[PDB]
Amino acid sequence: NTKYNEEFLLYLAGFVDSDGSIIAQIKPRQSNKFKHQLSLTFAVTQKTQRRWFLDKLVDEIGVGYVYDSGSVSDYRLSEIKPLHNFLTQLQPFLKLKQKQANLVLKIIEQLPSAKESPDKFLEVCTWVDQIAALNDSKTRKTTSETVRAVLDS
């Protein structure tokens, strides 16, 4: 497990709290046991003009990708393991997104069991609802309620 220095993590938390995003999503998918796929994402958005600053993040964190769309780029990290390691080290220094990070860490750790029973999956889905509630959510569609009404059949 990669260990990050504290000066790196302090600055990064400030940058994440400002321009970053901690995202949990439930994605409709018929081929999945409970008809949905859980998706966790850490994101940093920045004008493509400064894509390099995001590229440095890849190098410095040791993983992730940079995507472009129009005039804006994103560093993204969604691989569960690395995500867990990074977030665990980052969360003590977060101020605006501390709870989201903690909610994500709790979803990750409970993932195995959530895959065994619908009630447990629905439960993890409510933690996802909470992340979205803390975020400035504006176009959310699939929620724990969606999942509940589908399993009720």
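Note that residue numbering follows the sequence shown and begins at 1.
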item	value
Mean C-alpha B-factor comparison - 83 to 91 and 116 to 124, higher one	116 to 124
Entry-level comparison of average CA B-factors, 6 to 14 and 141 to 149, reporting the higher stretch	141 to 149
Most elevated Cα B-factor in the entry, residues 30, 45, 100, 41	30
Third of the chain, ranked by Cα B-factor, where residue 111 sits	highest
For residue 64, the third of its chain into which the C-alpha B factor falls	lowest
Third of the chain, ranked by Cα B-factor, where residue 78 sits	middle
